[PDB]
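Peer 1: Dropping in start06.cif, which is mmCIF, C-alpha atoms:
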```cif
data_run
loop_
_atom_site.label_atom_id
_atom_site.label_comp_id
_atom_site.auth_asym_id
_atom_site.auth_seq_id
_atom_site.Cartn_x
_atom_site.Cartn_y
_atom_site.Cartn_z
CA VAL A 1 -105.24 17.23 18.93
CA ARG A 2 -103.11 14.37 17.65
CA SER A 3 -104.92 11.18 16.68
CA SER A 4 -103.78 7.73 17.75
CA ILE A 5 -102.73 7.15 14.13
CA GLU A 6 -100.41 10.15 14.33
CA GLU A 7 -99.04 9.00 17.69
CA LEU A 8 -98.26 5.56 16.23
CA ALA A 9 -96.70 6.96 13.05
CA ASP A 10 -94.37 9.22 15.05
CA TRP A 11 -93.46 6.25 17.23
CA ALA A 12 -92.84 4.02 14.20
CA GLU A 13 -90.52 6.56 12.53
CA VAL A 14 -88.18 6.32 15.52
CA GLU A 15 -88.69 2.70 16.58
CA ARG A 16 -88.19 1.18 13.14
CA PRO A 17 -89.71 -2.16 14.15
CA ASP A 18 -88.22 -5.18 12.38
CA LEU A 19 -90.84 -6.55 9.98
CA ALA A 20 -88.58 -9.36 8.79
CA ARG A 21 -91.13 -11.80 10.23
CA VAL A 22 -93.86 -10.50 7.92
CA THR A 23 -92.41 -9.39 4.58
CA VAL A 24 -94.68 -4.66 2.66
CA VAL A 25 -98.18 -3.21 3.06
CA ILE A 26 -99.01 -0.86 5.94
CA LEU A 27 -102.50 -0.34 7.32
CA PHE A 28 -103.43 2.32 9.88
CA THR A 29 -106.78 2.51 11.64
CA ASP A 30 -108.36 4.42 14.49
CA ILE A 31 -111.81 5.47 15.69
CA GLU A 32 -113.34 8.59 14.14
CA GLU A 33 -113.63 11.44 16.66
CA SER A 34 -112.18 9.21 19.38
CA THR A 35 -111.40 12.06 21.78
CA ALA A 36 -114.91 13.51 21.61
CA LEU A 37 -116.35 10.02 21.99
CA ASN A 38 -114.17 9.40 25.07
CA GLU A 39 -115.18 12.73 26.65
CA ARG A 40 -118.80 11.82 25.96
CA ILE A 41 -118.94 8.33 27.50
CA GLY A 42 -116.23 8.71 30.17
CA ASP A 43 -113.09 6.71 30.86
CA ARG A 44 -114.60 3.54 32.34
CA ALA A 45 -116.91 3.08 29.35
CA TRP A 46 -113.98 3.93 27.07
CA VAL A 47 -111.79 1.20 28.59
CA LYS A 48 -114.58 -1.31 27.99
CA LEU A 49 -115.16 -0.07 24.44
CA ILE A 50 -111.45 -0.16 23.61
CA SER A 51 -110.85 -3.64 25.02
CA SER A 52 -113.77 -4.93 22.95
CA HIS A 53 -112.60 -3.07 19.84
CA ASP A 54 -109.06 -4.36 20.33
CA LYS A 55 -110.36 -7.93 20.41
CA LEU A 56 -112.32 -7.40 17.21
CA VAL A 57 -109.50 -5.72 15.28
CA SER A 58 -106.74 -8.11 16.42
CA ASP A 59 -108.79 -11.19 15.52
CA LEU A 60 -109.68 -9.91 12.03
CA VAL A 61 -106.10 -8.81 11.36
CA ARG A 62 -104.76 -12.23 12.34
CA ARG A 63 -107.42 -13.95 10.22
CA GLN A 64 -106.00 -12.07 7.21
CA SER A 65 -102.37 -12.97 8.05
CA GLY A 66 -101.77 -9.44 9.32
CA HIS A 67 -99.43 -8.39 12.12
CA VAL A 68 -100.42 -5.61 14.50
CA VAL A 69 -97.12 -3.77 14.85
CA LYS A 70 -98.33 -1.54 17.64
CA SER A 71 -101.60 -0.31 19.07
CA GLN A 72 -102.39 2.88 20.96
CA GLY A 73 -105.87 2.64 22.44
CA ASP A 74 -108.16 2.91 19.43
CA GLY A 75 -105.26 3.21 17.01
CA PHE A 76 -103.57 0.30 15.26
CA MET A 77 -100.58 0.00 12.95
CA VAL A 78 -100.75 -3.24 10.96
CA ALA A 79 -98.42 -4.94 8.47
CA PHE A 80 -99.35 -7.33 5.66
CA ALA A 81 -97.26 -9.22 3.11
CA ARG A 82 -99.81 -8.59 0.34
CA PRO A 83 -102.28 -5.77 -0.44
CA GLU A 84 -105.14 -8.23 -0.99
CA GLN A 85 -105.07 -9.29 2.65
CA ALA A 86 -104.83 -5.71 3.92
CA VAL A 87 -107.88 -4.56 1.93
CA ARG A 88 -109.92 -7.67 2.73
CA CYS A 89 -109.11 -7.06 6.40
CA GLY A 90 -110.37 -3.50 6.09
CA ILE A 91 -113.55 -4.66 4.33
CA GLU A 92 -114.19 -7.22 7.07
CA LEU A 93 -113.60 -4.69 9.86
CA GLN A 94 -115.98 -2.11 8.36
CA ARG A 95 -118.63 -4.80 7.91
CA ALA A 96 -118.31 -6.01 11.51
CA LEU A 97 -118.62 -2.44 12.79
CA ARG A 98 -121.77 -1.85 10.76
CA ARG A 99 -123.07 -5.15 12.12
CA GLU A 100 -122.13 4.11 16.74
CA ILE A 101 -118.38 3.51 16.43
CA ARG A 102 -116.81 4.21 13.03
CA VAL A 103 -113.15 3.68 12.11
CA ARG A 104 -110.86 5.36 9.61
CA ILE A 105 -108.75 2.92 7.59
CA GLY A 106 -105.83 3.85 5.33
CA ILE A 107 -103.62 1.45 3.36
CA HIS A 108 -100.34 2.07 1.49
CA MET A 109 -97.41 0.20 -0.07
CA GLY A 110 -94.32 1.62 -1.78
CA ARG A 111 -91.06 0.87 -3.56
CA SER A 112 -87.62 2.49 -3.51
CA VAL A 113 -86.85 5.07 -6.21
CA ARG A 114 -83.21 5.72 -5.24
CA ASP A 115 -83.12 5.79 0.19
CA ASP A 116 -85.27 5.53 3.35
CA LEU A 117 -88.14 3.40 2.08
CA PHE A 118 -89.60 2.45 5.46
CA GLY A 119 -89.72 6.02 6.79
CA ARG A 120 -91.61 7.25 3.75
CA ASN A 121 -94.07 4.37 3.49
CA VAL A 122 -95.14 4.40 7.13
CA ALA A 123 -95.55 8.18 7.09
CA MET A 124 -97.52 7.91 3.85
CA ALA A 125 -99.80 5.17 5.16
CA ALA A 126 -100.59 7.29 8.23
CA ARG A 127 -101.53 10.28 6.07
CA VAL A 128 -103.74 8.14 3.84
CA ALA A 129 -105.57 6.89 6.95
CA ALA A 130 -105.78 10.47 8.22
CA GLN A 131 -107.56 11.36 4.96
CA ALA A 132 -110.13 8.60 5.34
CA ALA A 133 -113.59 9.34 6.72
CA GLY A 134 -115.03 7.17 9.44
CA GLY A 135 -116.45 4.06 7.80
CA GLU A 136 -114.17 4.48 4.79
CA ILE A 137 -111.24 2.45 3.46
CA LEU A 138 -108.78 4.66 1.56
CA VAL A 139 -105.79 3.29 -0.36
CA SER A 140 -102.89 4.86 -2.26
CA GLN A 141 -102.36 4.58 -6.04
CA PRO A 142 -99.85 1.68 -5.75
CA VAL A 143 -102.36 -0.40 -3.75
CA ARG A 144 -105.17 0.46 -6.17
CA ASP A 145 -103.02 -0.50 -9.17
CA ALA A 146 -101.86 -3.70 -7.46
CA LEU A 147 -105.50 -4.80 -7.08
CA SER A 148 -106.74 -3.64 -10.50
CA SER A 149 -108.48 -9.29 -9.97
CA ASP A 150 -111.64 -8.63 -7.95
CA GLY A 151 -114.04 -8.75 -6.44
CA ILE A 152 -112.63 -5.52 -5.00
CA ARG A 153 -113.98 -2.27 -6.44
CA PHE A 154 -112.77 1.33 -6.10
CA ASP A 155 -114.16 4.82 -6.69
CA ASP A 156 -112.59 7.22 -9.21
CA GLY A 157 -110.05 8.47 -6.68
CA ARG A 158 -109.53 11.94 -5.24
CA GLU A 159 -106.48 14.19 -5.55
CA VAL A 160 -105.18 15.46 -2.22
CA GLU A 161 -102.09 17.06 -0.72
CA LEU A 162 -100.64 15.12 2.21
CA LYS A 163 -99.03 16.96 5.13
CA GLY A 164 -95.25 17.09 4.84
CA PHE A 165 -95.28 15.49 1.38
CA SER A 166 -94.40 17.18 -1.90
CA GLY A 167 -96.69 16.82 -4.92
CA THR A 168 -100.26 15.53 -5.00
CA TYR A 169 -101.57 12.02 -4.43
CA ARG A 170 -104.62 10.19 -5.76
CA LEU A 171 -106.47 8.21 -3.08
CA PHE A 172 -109.11 5.58 -3.80
CA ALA A 173 -111.95 4.45 -1.56
CA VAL A 174 -112.97 0.80 -1.46
CA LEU A 175 -116.63 0.32 -2.37
CA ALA A 176 -119.26 -2.23 -1.31
#
```
Please re-express this file's structure in structure tokens.
Peer 2:
Amino acid sequence: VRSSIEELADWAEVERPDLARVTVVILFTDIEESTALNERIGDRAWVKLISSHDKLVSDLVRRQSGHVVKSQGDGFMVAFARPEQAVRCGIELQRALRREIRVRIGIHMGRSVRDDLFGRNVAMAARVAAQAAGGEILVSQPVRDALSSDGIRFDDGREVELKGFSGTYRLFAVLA
């Protein structure tokens, strides 16, 4: 029962796409309960839904100077030069969707501490997104701290353990 986010993250670990034409902040998004939704409405409706969704997402990403690295149906991997753009993009996407399909959105950015920085950051971003509820924007501590000028507000954060990662991580949801 792998999500499109997980499929893209596994792809990205091996592909190692060159983001020299963007730089880094990584955003992952997919549709909550996509498989169940697909099985409910059937493939022809799904194709229509996905093409429409793809148009929405790609346009909003580009409007925020983002670069869709790869998409897998409902899933998107997106790169931004700055965390402000990534979060604003997420805010705009959630608003458009409310204006019933709901998307998970996770955002992460990271620095080297010694190493394989890209491998860790992409994997981390995917897990953050995997932790997000439909309709939620979740960001890692570094993104939260990097945006601590508004008007972007966060909750008090939640401590979670991410699959395959040692330690615990505090994740913050973006608020209205």
Peer 1: Return as CSV the residues of stretch 58-172 of chain A lying at most 6 Å from stretch 2-15 of chain A, together with the closest atom-to-atom pair for each and the distance in Å to one decimal, counting all atoms listed in the file, with rows in chain order and ascending residue number.
Peer 2:
```
residue,atom,partner,partner_atom,distance
A:72,CA,A:4,CA,6.0
A:75,CA,A:4,CA,4.8
A:119,CA,A:13,CA,5.8
```
Peer 1: Select, from A:117, A:41, A:24, A:31, the residue with the minimum atom-to-atom distance to residue A:76, counting all atoms listed in the file.
Peer 2: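 Going through A:117, A:41, A:24, A:31 one by one, the smallest distance to residue A:76 is for A:31.
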Peer 1: By how many Å are atom CA of residue A:122 and atom CA of residue A:26 apart?
Peer 2: 6.6 Å
Peer 1: Could you check the closest approach to residue A:156 for each of A:143, A:100, A:173, A:77 and tell me which residue wins, using all atoms listed in the file?
Peer 2: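 Using all atoms listed in the file, residue A:156 sits closest to A:173.
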Peer 1: Counting all atoms listed in the file, figure out which residue out of A:170, A:67, A:120, A:95 gets nearest to residue A:141.
Peer 2: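 Between A:170, A:67, A:120, A:95, the residue approaching residue A:141 most closely is A:170.
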Peer 1: Between A:171, A:130, A:47, A:176, which residue has the minimum interatomic distance to residue A:30, considering all atoms listed in the file?
Peer 2: A:130
Peer 1: Since I can't run it myself right now, could you work out what the PyMOL selection byres ((chain A and resi 18-21) around 10) selects here and report it as a list in words?
Peer 2: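 Written out, the selection comes to residues 15, 16, 17, 22, 23, 24, 67, 69, 79, 80 and 81 of chain A.
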Peer 1: Determine the nearest neighbour of residue A:144 from the options A:57, A:68, A:89, A:107, counting all atoms listed in the file.
Peer 2: A:107
Peer 1: Any idea what the distance is between atom CA of residue A:84 and atom CA of residue A:70?
Peer 2: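 It comes out at 20.9 Å.
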Peer 1: Could you check the closest approach to residue A:33 for each of A:135, A:145, A:127, A:109 and tell me which residue wins, using only C-alpha atoms?
Peer 2: A:135
Peer 1: What does the structure give for the distance between atom CA of residue A:29 and atom CA of residue A:106, in Å to one decimal?
Peer 2: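 According to the coordinates, atom CA of residue A:29 and atom CA of residue A:106 are separated by 6.5 Å.
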Peer 1: What does the PyMOL selection byres ((chain A and resi 61) around 9) select in this file, as an MDAnalysis selection string?
Peer 2: chainID A and resid 56:60 62:68 78 80 85:86 89:90 93
Peer 1: Would you mind listing what lies within 12 Å of stretch 162-169 of chain A as a PyMOL selection string, with only C-alpha atoms counted and same-chain residues fewer than 3 positions away left out?
Peer 2: chain A and resi 6+108+120-121+123-132+138-142+157-159+172
